[PDB]
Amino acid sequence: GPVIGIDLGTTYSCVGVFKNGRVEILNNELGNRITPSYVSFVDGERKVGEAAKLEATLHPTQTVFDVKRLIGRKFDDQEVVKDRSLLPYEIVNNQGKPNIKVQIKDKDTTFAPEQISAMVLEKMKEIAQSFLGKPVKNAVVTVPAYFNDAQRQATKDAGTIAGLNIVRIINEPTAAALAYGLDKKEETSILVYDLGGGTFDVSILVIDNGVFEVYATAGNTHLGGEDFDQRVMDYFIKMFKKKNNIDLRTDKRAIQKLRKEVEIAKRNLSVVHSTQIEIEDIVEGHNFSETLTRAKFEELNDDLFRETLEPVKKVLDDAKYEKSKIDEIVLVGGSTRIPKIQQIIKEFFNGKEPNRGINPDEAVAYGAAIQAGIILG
């Protein structure tokens, strides 16, 4: 039967199939090739993906996301204590493990992280099933190289709940290397720089006669595109207050409208130098109208961009690598489209050009789908 490829990411998933010799990264019901890893439990209905993320503004305690930060961990782990302080939905201690508590028709309902991940995997499965016109029972699913056996098993368990035999778990750096078609012959050292929506990962991946090994991995679990958006939000909230005596933080709907336009502006500024951010009646009777330049975008985030170099030094240190030992730098995640990111990496590596693919946001799912093709022969 068919084997699909799923990138089960912290903020977004992505599904691809290998069909007729091509990888097809599939569109969700709204025509997006990535789907927010969100599930909402509002008013007796369950939503998954973009419809769920839209519930976050008015129902923050019922909108579950970022479960990948909890899956396979213990409630008292330093990382989970930190995530409980950040996340708005209730996290409870079920026999030493974090569970998610929401209300369904007012009733307290408690989920394991793998049960929420299963709902995201089910939606990806359904996309593939309708694209292929066939039932899907098998998948390649990706994990971070740092995932321990409990974290990988919990991910496999989410697959089983979703009706997926996970026939292979592959690490995100291997998936990226397959997507970029990196030469499997002889010995090559690759830096995989993976800057996503919520998390930053960097890995030294050695490819030797077709065998993939991650020699070192480091990162920052709270550094991504969403942080760059927040820096811009903070600046424009302050400016709007100065100019209008309105603090937009006092209206959650106003913040949601602004956040949507800021995200688009950021993406625009990866190609142009100036963009307009416009919301009619951001509150009744008051329009929002600003220009954001690429230079101000970079100024607002430059310390965050330079923070991505601390993990790169650590993995070069762990592996005992000179910078020159890296043969190829490959960029994964849509945030790697930011020109300043590319410049800072190139300068760190004394002028070595990083390899950007055309669509770094889909590279992991693309590689998962290639792995699915390889396993079938």
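One-based numbering along the sequence shown.
Stretches 195-203 and 72-80 differ in mean CA B factor, with 72-80 having the higher one.
The mean Cα B-factor in the deposited entry runs higher for 132-140 than for the other of 132-140 and 218-226. Taking the PDB entry at face value, the top CA B factor among 94, 245, 109, 115 belongs to 94. As recorded in the entry, 86 carries the highest CA temperature factor of 177, 272, 102, 86. When the modelled residues of the chain are ordered by C-alpha B-factor, residue 260 sits in the middle third. Sort the modelled residues of the chain by CA B factor and residue 52 lands in the middle third. Residue 292: CA B factor lies in the lowest third for its chain, per the PDB record.
In the deposited entry, the Cα temperature factor of residue 125 places it in the highest third of its chain's modelled residues. Compared with the other modelled residues of the chain, the Cα B-factor recorded for residue 338 ranks in the lowest third.
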